[PDB]
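Presented below, as C-alpha cells, is a lone chain in the form deposited in one PDB entry.
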C-alpha cells in the first residue's frame, strides 16, 4: 500500500532519468521528512549523493538504509561502491561479501567483488567472480565488458571474434539508449569499436565530471588576458598524479627544468603524495613552483589554488588514467587547457581545448576522432628522458668467443677508461666517428663469463668494478630504478635470460594485453620464415604466458620459439634490450614508453600504424628517428620488413647502426629541443586566445 513518501520516491526517480539530479535529491529528502524509516529513500538518495561526490553523506544514508532493511543486499553493494570510492577498499570488500552472503543470487555484488580483485591485480579471481556474476545475470554489460578486459590482460582469446562482436554491440546499444557505456575510455583502443564510438565513450565519462562539479555551484573563473601579473611570462601548469616513480615521469622529468625562465613560469601540480623517489625530487627542485594537490582533496579548493596562481595554460597529463582528477579541468581554472603525453586518446570533453600530438600520430584526416583541436608538435609529441636517465647506455662494448653486438655487452661511465687497461682491445668501426670495442676471449674475458655463469654479484678487473646485470638492485637500488646513474660497469649477456647465443632475437617488452590473435599470428608467420629466430616476451603478467604459448602451439610454433623473461627493474629492462636484434611492435596498441626504451638500446623497431592514437605512436617515434623503412602499411609489409632483418644480416647491421646513431642525432631523445618546440606551441595557443579567438587546430 502506497504512502505519501512512496509517491515522492516515484517522482524523484523520474527526475533522475530526466537528468535533473538536483531536484531528485530534494524530492528524496522530502520523502524522508514524511517517512524517516523509508529504506528505499535512504538507498536512493545515497545513490544520487554518490554521483554528486558527496560520499561521506551518501555513506551515512546507506547505513540507515541497511539498519531499516537488513536484507537490502542491493544497499550493501552500493555502500561498498561508495566506500571503494573513499579508498576504503577493506570496508568496501566487506560490503560485497556480506551482500553475497545474504543473497547468493545477487549478481551485482559478485561483479563488484571481481572489480576489487581486478584493481588489486588478482586477475584470475576477478575472472572467476565475473563469470559468476554473468551466470546469475546474463544480461550484465558491466560484468561482461570488465571480464572482457580481464581476459584481454592475460591473453585469454577464447571466442575472441565473437567477444569483440558483443563488446561493440553492447556499446552500440548503450549509446543508442543514451546510457553510460560499459567500456572504459582507456580500454576503447583495444576493441574494434567505431572511431565515433570511442569519442562518444570519452564524452560520457567527461560528463561524469560535470556532475561532480555542478554540486559545488562555482561561478566561472575569470581568466587572464595578458601576461602583466605574470611579468611577461607564460604560466604553464602541469597536472599529473605521476610525479614520482611512474612511466610518465620517466619521459618528461627533465622538461620542467629546461623551460625558459624569461618567457615561462612553470607550475607542477601533483595529484599524488611524495614517494621519496628522485623523480619527485628533480621536478620539485626544477619546476618554478611545485604544488602538492594531494593534500587538497576538495576539487573546489584545488581548482581555486590553480586559478590563484594565475595559470594561462593548464596541462592534463592524466586524462582517463589511474589517479586522474579531471574535475579540476571541468571547473576551468585556466583559459587554455590541453591534453599531453599521459593519456593516449581523446578526452571527449568540452573542458579540454587542445590535444598535443603530431602530424604522424594524429594526421589531419582523422581529427574527427578527437573532441579537442589538434596541436601538432614538429616531429613527435612523444619524449623520453633516456638521455638523462641512462647515459651509460650511450656507448657499449662486446666480448668475443670463437663479432656480434648483442651476445655479451658491457656498459659503463668509466668503460673507456677500463678498456685502456686491457691489452688486446679491437676497435670495430660502425658506419652511419663511432666505434664498438671488442674484447677477445682471454683470461680477463673468461673471468667475466665466470662471474655471469656462477651467478656472482660482481668482480674486480684491474681495479675496475665489473657488475652483473641481474644484480644491479643488490649493488645500487637507486641505480636500478633509474633514479641514479650506475657508477659501475654492467655486464649484459644473453645467457642471463635464456637466449640462444646465435639466434635472431625478436623482442617485445609490452604488457601482454597489447597482443591480440591477429598480432600473434602475424608474429608466428615471421618466426616460421626465420627458422633460427626466437620471440622474446615478458611475464607481464605471468599468468598470460601459458595462454600465449598455447596459441603459439596451435599456430604451429614449438615451445622453444617463444622465450619469456620476468619484468625487470627500470634500468635493467632498458639495458637488456641491447641483447635483442629486432623489436616487433604491437599494432593493436603500440609500445609507447617501451618503444622509447628499445630505441635507446639501439634496437630497430618494426611497427604498423593503425587508426587510433595509441596504434600510431611507434610510427611517429620512428619517423622522428629517421627510420621510415621500419614502418609497414599492412600486415604483409610488417612480416616482410621483420623477416628481412632476420635473414639479411648485412641489412640488419645497417639498420641497427642507423638506430644506434640516430637515437642521438635525431631530435627523438633531445629533451632540450623538445621543450623549446613545446614552448613554441604554447605561445601559438596563448596568442590565439589573446587575439580573442576560441581554440582551433595548430598545424605550425
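Residue numbers count along the first chain shown, from 1. For the two forms, the rigid core is made up of the largest set of C-alpha atoms that agree within 1.5 Å on superposition.
The same protein also has a form solved in complex with a partner chain, omitted here; what follows describes it.
Colleague: With a cut-off of 4.5 Å between heavy atoms, is residue 632 one of the residues that contacts its partner chain in the deposited complex?
Modeller: Contact check for residue 632: no, nothing within 4.5 Å of its partner chain in the deposited complex.
Colleague: Taking any heavy atom pair closer than or equal to 4.5 Å as contact, tell me whether residue 6 reaches its partner chain in the deposited complex.
Modeller: Yes, residue 6 sits close enough to its partner chain in the deposited complex that at least one of its heavy atoms falls within 4.5 Å.
Colleague: Using a 4.5 Å heavy atom cut-off, state whether residue 506 contacts its partner chain in the deposited complex.
Modeller: No, no contact at 4.5 Å.
Colleague: With a 4.5 Å heavy atom cut-off, would you call residue 108 a contact of its partner chain in the deposited complex?
Modeller: Because a heavy atom of residue 108 falls inside 4.5 Å of its partner chain in the deposited complex, the answer is yes.
Colleague: In the deposited complex, which of the listed residues (329, 381, 130, 269) lies with a heavy atom within 4.5 Å of its partner chain?
Modeller: Of 329, 381, 130, 269, the residue with a heavy atom within 4.5 Å of its partner chain in the deposited complex is 130.
Colleague: Could you tell me which one of 304, 156, 203, 74 places a heavy atom within 4.5 Å of its partner chain in the deposited complex?
Modeller: Contact check passes for 74.
Colleague: Looking at its partner chain in the deposited complex, do all three of 289, 373 and 669 come within 4.5 Å of it through at least one heavy atom?
Modeller: So, no: the whole triplet misses its partner chain.
Colleague: Pick from 100 to 108, 162 to 170, 515 to 523, 224 to 232: which stretch has a heavy atom within 4.5 Å of its partner chain in the deposited complex?
Modeller: Result of the contact check: 100 to 108.
Colleague: Would you indicate which listed residue, out of 11, 690, 683, 676, moves its Cα by 2 Å or more between the shown form and the other one relative to the superposed core?
Modeller: The one that moves 2 Å or more is 11.
Colleague: Align both forms on the core first, then report whether residue 662 has a C-alpha shift of 2 Å or more between the shown form and the other one.
Modeller: Comparing the forms between the shown form and the other one, which are aligned on their rigid core, residue 662 does not shift its C-alpha by 2 Å or more.
Colleague: If I superpose the two forms on their rigid core, does the C-alpha of residue 600 end up displaced by 2 Å or more between the shown form and the other one?
Modeller: Superposed on the core, residue 600 moves its C-alpha less than 2 Å between the shown form and the other one.
Colleague: Please determine whether the C-alpha atom of residue 70 is displaced by 2 Å or more between the shown form and the other one following superposition on the rigid core.
Modeller: Indeed, residue 70 is displaced by 2 Å or more.
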